[PDB]
């Protein structure tokens, strides 16, 4: 389908346990600016980013949400473009499990929060900017999806991004296609 232009890895921990690595493929030709923001926050380039932040909200059979590195509760985060930035486009959809999309507070309020779907979420199409998909590591996404949460859907054991970074792609490549 769309072409992967850059990859990003996250090493996750659930409570006191190293659980594995997730590798994302990002669609920099489709949504260049939303991809640049995510990659810059994964490398910590501009002095702030995702390393050591938590996934604050996970709901089984829906998605896992993270990226609030300032407040850690869903109300914070910021982008490399300022505190919030506009919706770039809605060309890609939440096609099935493993797609990565921007969380927001309505139209044009993207910051740093994102979610990874664990099911197709067609009701979010056209309202959230989709910009990448999990290439490797869907089984560690399912382990975070299954952690116990309290009644506010917050993990009882902290799910931490212990390390993260960019992996260069020399030739953009299409995802498995149909």
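Residue numbers count along the first chain shown, from 1.
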Original post:
Between 66-74 and 123-131, which has the higher average C-alpha B-factor in the PDB entry?
Top reply: 66-74
Original post:
Which is higher in the entry, the mean Cα B factor of 88-96 or that of 75-83?
Top reply: 75-83
Original post:
Which one, 169, 161, 14, 22, has the peak C-alpha temperature factor per the PDB entry?
Top reply: 169
Original post:
From 55, 48, 27, 114, can you pick the one with the highest C-alpha B factor in the entry?
Top reply: 48
Original post:
Lowest, middle or highest third: where is residue 34 by Cα B-factor in its chain?
Top reply: lowest
**OP:** Determine, from the deposited record, the chain-internal third of the Cα B-factor for residue 6: lowest, middle or highest.
**Re:** middle
